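**Q** My structure is below; once you've seen it, I'll send some questions.
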Amino acid sequence: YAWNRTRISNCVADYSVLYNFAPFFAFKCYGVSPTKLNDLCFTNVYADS
Amino acid sequence: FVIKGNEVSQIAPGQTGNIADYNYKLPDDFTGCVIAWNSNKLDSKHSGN
């Protein structure tokens, strides 16, 4: 009801690290495929937790 | 092959994870069936298999 928003910027991403933090129930992307996020992550990035 | 349950969902023609990415890879335009059976009663061991 009071979800958190973290702003991600001025970084180099690297999304393979996200497979180390936890096993996932779901990892569903819209407009981009899971396999290509290392590139194509751009503009405002926000993590809704 | 024998795979663990949390990676069975990684066997789709296109998907990510350590199995989909590094151990068994299917073509994305593949025709066929991936048929799964629970073998806990046969493959598991008390000391570990």
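Order determines the names: the first chain of the structure tokens is A, the second B, and so forth; residues in each chain are numbered 1 upward, and ligands are numbered 1 upward as they are shown.
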Could the residues of chain B within 10 Å of chain A, counting only C-alpha atoms, be given as a PyMOL selection string, please?
**A** chain B and resi 6-7+9+14-18+21
**Q** Grab the residues selected above and save them as a short mmCIF file (atom, residue, chain, number, x, y, z; two decimals), in the first residue's frame with N, CA, C and O atoms.
**A**
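Everything below was put into out25.cif:
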data_model
loop_
_atom_site.label_atom_id
_atom_site.label_comp_id
_atom_site.auth_asym_id
_atom_site.auth_seq_id
_atom_site.Cartn_x
_atom_site.Cartn_y
_atom_site.Cartn_z
N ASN B 6 13.32 -26.51 -8.88
CA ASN B 6 13.30 -25.07 -9.08
C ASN B 6 13.87 -24.67 -10.43
O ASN B 6 13.79 -23.49 -10.79
N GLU B 7 14.45 -25.61 -11.17
CA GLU B 7 14.99 -25.35 -12.49
C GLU B 7 14.20 -26.09 -13.58
O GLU B 7 14.58 -26.01 -14.75
N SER B 9 11.32 -25.24 -14.65
CA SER B 9 10.78 -24.14 -15.43
C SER B 9 11.84 -23.49 -16.31
O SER B 9 11.49 -22.68 -17.18
N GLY B 14 13.05 -20.92 -24.67
CA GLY B 14 13.69 -19.64 -24.42
C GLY B 14 13.38 -19.25 -22.99
O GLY B 14 12.21 -19.13 -22.61
N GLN B 15 14.43 -19.03 -22.20
CA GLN B 15 14.30 -18.82 -20.77
C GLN B 15 15.72 -18.57 -20.26
O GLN B 15 16.69 -18.88 -20.95
N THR B 16 15.82 -18.02 -19.06
CA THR B 16 17.10 -17.76 -18.42
C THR B 16 17.27 -18.58 -17.15
O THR B 16 16.32 -19.16 -16.61
N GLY B 17 18.52 -18.62 -16.71
CA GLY B 17 18.96 -19.34 -15.53
C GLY B 17 20.16 -20.20 -15.85
O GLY B 17 20.52 -20.41 -17.00
N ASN B 18 20.74 -20.76 -14.79
CA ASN B 18 21.99 -21.51 -14.96
C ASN B 18 21.81 -22.74 -15.84
O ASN B 18 22.74 -23.11 -16.57
N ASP B 21 20.92 -21.43 -19.54
CA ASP B 21 22.06 -20.71 -20.07
C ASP B 21 23.32 -21.56 -20.22
O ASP B 21 24.05 -21.37 -21.20
#
**Q** Which of chain A counts as alpha helix (DSSP H) under DSSP, as an MDAnalysis selection string please?
**A** chainID A and resid 18:21
**Q** So what do you get for CA of residue 6 in chain A versus CA of residue 49 in chain A, distance-wise?
**A**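 Between CA of residue 6 in chain A and CA of residue 49 in chain A the gap is 7.9 Å.
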**Q** Need the shell around residue 13 in chain A: protein/DNA/RNA residues with any atom at most 9 Å away, counting only C-alpha atoms. Skip same-chain ones fewer than 3 positions apart. Format as a list in words?
**A**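 Listing them by chain and then by number gives residues 8, 9, 37, 38, 39 and 41 of chain A.
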**Q** Go ahead and write the selection's residues with N, CA and C atoms as a PDB file, in the first residue's frame.
**A**
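Below is the file again_20.pdb, written as the result:
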ATOM      1  N   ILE A   8      17.538   4.425  -9.790  1.00  0.00           N
ATOM      2  CA  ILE A   8      18.809   3.875 -10.242  1.00  0.00           C
ATOM      3  C   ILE A   8      19.306   4.702 -11.424  1.00  0.00           C
ATOM      4  N   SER A   9      20.514   5.254 -11.299  1.00  0.00           N
ATOM      5  CA  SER A   9      21.105   6.077 -12.350  1.00  0.00           C
ATOM      6  C   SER A   9      22.614   6.133 -12.144  1.00  0.00           C
ATOM      7  N   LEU A  37      18.921  -7.596 -21.040  1.00  0.00           N
ATOM      8  CA  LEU A  37      18.928  -6.422 -20.160  1.00  0.00           C
ATOM      9  C   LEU A  37      20.317  -5.863 -19.891  1.00  0.00           C
ATOM     10  N   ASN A  38      21.393  -6.618 -20.135  1.00  0.00           N
ATOM     11  CA  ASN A  38      22.722  -6.063 -19.886  1.00  0.00           C
ATOM     12  C   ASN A  38      22.935  -4.801 -20.709  1.00  0.00           C
ATOM     13  N   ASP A  39      22.440  -4.793 -21.932  1.00  0.00           N
ATOM     14  CA  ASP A  39      22.357  -3.610 -22.766  1.00  0.00           C
ATOM     15  C   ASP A  39      20.914  -3.116 -22.595  1.00  0.00           C
ATOM     16  N   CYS A  41      19.259  -1.010 -21.019  1.00  0.00           N
ATOM     17  CA  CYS A  41      18.698  -0.479 -19.781  1.00  0.00           C
ATOM     18  C   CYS A  41      19.083   0.988 -19.823  1.00  0.00           C
TER      19      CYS A  41
END
**Q** As a list in words, which residues of chain A does DSSP assign to strand (DSSP E or B)?
**A**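 Result set for chain A (strand (DSSP E or B)): residues 5, 6, 7, 8, 45, 46, 47 and 48 of chain A.
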**Q** Please provide as a list in words all residues within 12 Å of range 29-39 of chain B, with the sequence filter that same-chain residues fewer than 6 positions apart are discarded (counting only C-alpha atoms).
**A**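 Everything that qualifies: residues 1, 2, 3, 4, 5, 7, 8, 9, 10, 11, 12, 13, 14 and 45 of chain B.
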